[PDB]
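Data first, discussion second: the structure below is written as structure tokens.
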Amino acid sequence: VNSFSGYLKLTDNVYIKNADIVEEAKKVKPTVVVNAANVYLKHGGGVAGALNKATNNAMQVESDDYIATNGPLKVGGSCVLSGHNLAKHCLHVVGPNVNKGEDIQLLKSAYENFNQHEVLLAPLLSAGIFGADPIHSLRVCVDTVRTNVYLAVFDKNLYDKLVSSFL
Numbered sequence: 399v400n401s402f403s404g405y406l407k408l409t410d411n412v413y414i415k416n417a418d419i420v421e422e423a424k425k426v427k428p429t430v431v432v433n434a435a436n437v438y439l440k441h442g443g444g445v446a447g448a449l450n451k452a453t454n455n456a457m458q459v460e461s462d463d464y465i466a467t468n469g470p471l472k473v474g475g476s477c478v479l480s481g482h483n484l485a486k487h488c489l490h491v492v493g494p495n496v497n498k499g500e501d502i503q504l505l506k507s508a509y510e511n512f513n514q515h516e517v518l519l520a521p522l523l524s525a526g527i528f529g530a531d532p533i534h535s536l537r538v539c540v541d542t543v544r545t546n547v548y549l550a551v552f553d554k555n556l557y558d559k560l561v562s563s564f565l
């Protein structure tokens, strides 16, 4: 497990790669994979939908079981569930959605959940439909995460911009 290869080292504990996170998980077999989730743990698009489809909807049925007892998650909160065939554990983290007016300061609180796990395979948080600048999100990651995080970035153009600014 944790057979990470081909990653570019940005800091002493942050690594980056231009790759598909679902294909990486099947190749690395990580201990933890991170899901960019919403407060109701509905995996209907983005990274969440791709992970759930790779689990043949096993992630969605487990997520609904957790919501039935916990209710909605808080922005910046997280929960650890099973990783099914993709990893041992899946950490669902809810970043702030600046389109809904949620505070961008809460992105530090979202990344702080990574410090509960020794090594993670993760995407960037609060980007895309959550509306935060991906370069800003990566800045908050390298500033708050003290454990080993391996970042998969799908877009080649975005990948080159992040590398040019952080290496």
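If you're matching positions, the sequence shown starts at 399 in the working numbering and goes up one per residue.
A virtual CB, placed ideally from N, CA and C, is assigned to each residue, including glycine.
Asked: For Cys488, the nearest candidate out of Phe528, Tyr438 and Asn450 (CA to CA); Found: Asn450
Asked: Nonlocal neighbours in the same chain, by C-beta distance under 7 Å from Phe552, ignoring five residues either side; Found: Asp418
Asked: Where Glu516 falls, given that 16 or more other Cβ within 10 Å makes a residue buried; Found: exposed
Asked: Closest by C-alpha distance to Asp501, when choosing among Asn513, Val426 and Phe528; Found: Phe528
Asked: Unbroken stretches of the alpha helix (DSSP H), 4 residues or longer, contained in the region 455 to 519; Found: 456 to 468 and 504 to 510
Asked: Nearest candidate by alpha-carbon position, reference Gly475, set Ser507, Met457 and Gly444; Found: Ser507
Asked: C-beta atoms of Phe564 and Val543 nearer than 8 Å; Found: no
Asked: Sub-8 Å separation of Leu518 and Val399 beta-carbons; Found: no
Asked: Three CB pairs or more closer than 8 Å across the region 457 to 465 and the region 428 to 448; Found: yes
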